[PDB]
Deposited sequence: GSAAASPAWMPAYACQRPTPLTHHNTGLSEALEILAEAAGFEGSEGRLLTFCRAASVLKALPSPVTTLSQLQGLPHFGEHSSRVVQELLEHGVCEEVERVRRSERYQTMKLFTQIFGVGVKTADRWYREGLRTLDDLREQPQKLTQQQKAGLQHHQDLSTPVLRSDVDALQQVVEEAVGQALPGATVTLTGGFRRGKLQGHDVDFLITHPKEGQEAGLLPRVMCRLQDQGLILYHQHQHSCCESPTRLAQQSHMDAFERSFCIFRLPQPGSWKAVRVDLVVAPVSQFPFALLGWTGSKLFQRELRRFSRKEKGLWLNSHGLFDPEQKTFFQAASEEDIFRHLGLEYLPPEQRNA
């Protein structure tokens, strides 16, 4: 079992679901307290279990697994022995965890904002609605739409959204393409949002594209909220006899960068962090969603495919469905 998540296939569904979910609670709680190192270890330990070929049934099976030390092993031991880990359950029922989760789930609210509100004594969404002087326009939209945004986006919703995005993109720039990215490209059947990557086969033609796309979606009445090359929108999605609000991310990249943007926007989030960590620490190359830089030669690697990028990093290729770290 290799130490980096980008070195091993991680399927969407696996054989250690309960154990990984427990460790991810502790990771999330660590993030709410600003403990980013402990968040990473618990995330990585959870991800290792996702990559295993069968269920962990005994503590000895953790021997030699990366990112399992005293703490993560004790969590697993307690779950194996009793079906519950007291620390995890303590976190789950705690007022701090529940409120930080509630608040950071709001579009426009991060950990720092949630924490300040928590310290001011705020606890519920209606507490926030009762003091709207303290909210940004983005937060106001996130609160207004919070119920709809809490409802899973389904794969059926995705195909409808892609068609309307392609229509606007085609008028904004004939020949431009729309690619589904994010969790749905990794095979997820539900999500929190839908992610699209837009490019054009003629380098440079994509410049200035996203404003033109957004203007056209707005004129079709499809945009409930928007604020360039990245857009974090709330879309009006038709429903039987009604509609619902859905978060949609639109991203534009030049075709020269498209493999890097596709890789970067297909995730998972942990997979990308691990991939960039691997690139820099093990290969001495700097990776982002625009390119891959050799800081000795001061040159950028040209990639024509995700396969190219995995090869340039010395990694076996993983299809999107195996990047569910």
Discussion item. Should a student be asked to find the unmodelled regions, what ranges of the deposited sequence would be the right answer here?
Written reply: 1 to 9, 237 to 256
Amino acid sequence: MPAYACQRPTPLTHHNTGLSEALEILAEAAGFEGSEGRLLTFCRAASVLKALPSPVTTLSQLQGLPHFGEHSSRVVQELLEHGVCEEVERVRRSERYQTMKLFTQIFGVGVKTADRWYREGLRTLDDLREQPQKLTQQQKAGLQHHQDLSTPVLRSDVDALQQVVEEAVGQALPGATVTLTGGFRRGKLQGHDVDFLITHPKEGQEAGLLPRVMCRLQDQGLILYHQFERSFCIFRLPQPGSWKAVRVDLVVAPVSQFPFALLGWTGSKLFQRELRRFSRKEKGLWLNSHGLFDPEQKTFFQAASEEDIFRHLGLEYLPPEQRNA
From here on, numbers count along this sequence of modelled residues.
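Between two forms, the rigid core is defined as the largest C-alpha subset superposing within 1.5 Å.
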Discussion item. So, in 8 other deposited structures of this protein, taking the root mean square over structures and residues of the Cα distances after a rigid core fit: is 213 to 221 or 149 to 157 the more displaced stretch?
Written reply: 213 to 221
Worksheet item: When the core is superposed, where do the C-alphas shift more in 8 other deposited structures of this protein: in 34 to 42 or in 294 to 302?
Response: 294 to 302
Fill in: Between 60 to 68 and 257 to 265 (mean CA B-factor, as deposited), the higher
60 to 68
Worksheet item: 237 to 245 versus 168 to 176: which one carries the higher mean Cα B factor per the record?
Response: 237 to 245
Practice prompt. Check the PDB entry and point out which of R90, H192, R186, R230 has the largest C-alpha temperature factor.
Written response: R90
Discussion item. Test of reading the entry: by CA B factor among the chain's modelled residues, which third contains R38?
Written reply: middle
Worksheet entry | Where the record places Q131 (Cα B-factor, split into thirds across the chain) | highest
Worksheet item: Split the chain's modelled residues into thirds by Cα B-factor; is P295 in the lowest, middle or highest one?
Response: highest
Worksheet item: So where's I198 on the chain's Cα temperature factor ranking, which third?
Response: lowest
Worksheet entry | Third of chain Cα B-factors occupied by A141 | highest
